[PDB]
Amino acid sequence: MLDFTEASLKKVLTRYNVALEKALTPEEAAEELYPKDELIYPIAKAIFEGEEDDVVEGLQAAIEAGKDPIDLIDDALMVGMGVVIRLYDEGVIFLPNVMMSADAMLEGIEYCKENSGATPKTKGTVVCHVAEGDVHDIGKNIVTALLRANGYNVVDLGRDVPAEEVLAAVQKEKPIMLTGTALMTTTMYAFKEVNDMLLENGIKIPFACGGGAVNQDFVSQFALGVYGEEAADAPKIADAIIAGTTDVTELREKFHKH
């Protein structure tokens, strides 16, 4: 069978990703960002590693050599997490490294939820759903995971979600933002029902729309619609609601333009 010379291969294709990789190893990169607080340290490192036992182990020792029962969420878990998110945006780590990390954090939160009664504080609630008729989970889950990992409470409405159910949950939870995901042409138009039925009940919040079957021009025919292509765009738009912008037209201006 045929093979290339080195010079031939180099002429025929290029793995563009190889030359853009940064020198530092994920571990070294993480080490440049960890707090050197001795107590918070082995927790942040434990999150980065997706090692849940060490998160607990590291949380037990920090409430014994100090206090901060509910605070350790923000002081230790959300700092460890801010490291993971950073490295993900810089592309030194990948999605599954973030997922493993969010799993290890969530178990570290609910362990705080057992030494408290105090009820934790979030940047606000976001409701997520997949348009009805659509089983495509993944993109939503990555929107779910990123949101939580950025410090948001997430009521995830699941898969084949039928509008009436969405309406009812924006009520129960009064969220800062609703998200939607569609992947089939046979399905994107469940964003209709929802946009119309939020209007037909007097609700005015950002409706972050995404999904393979979905583009910037499709979501614009909806007053509430805001397009995000990357899942990393969901918390970035949620932060613009912490900034004060509820007006969709003003959001579109600082987020559209593809």
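Residue numbers run from 1 along the displayed sequence.
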>> Averaging CA B factors per stretch from the PDB record, which one is higher: 49-57 or 25-33?
In response: 49-57
> In the PDB record, does 84-92 or 175-183 carry the higher mean Cα temperature factor?
Replying inline: 175-183
> Which listed residue, 188, 118, 100, 127, has the largest C-alpha temperature factor in the record?
Replying inline: 118
> So where's residue 150 on the chain's Cα temperature factor ranking, which third?
Replying inline: middle
> Of the three thirds of its chain by CA temperature factor, lowest, middle or highest, which one includes residue 73?
Replying inline: highest
> Is the Cα B-factor recorded for residue 159 in the lowest, middle or highest third of its chain?
Replying inline: middle
> Among the modelled residues of its chain, does the C-alpha B-factor of residue 135 lie in the lowest, middle or highest third?
Replying inline: lowest
> Considering only modelled residues of the same chain, in which third does the CA B-factor of residue 109 rank: lowest, middle or highest?
Replying inline: highest
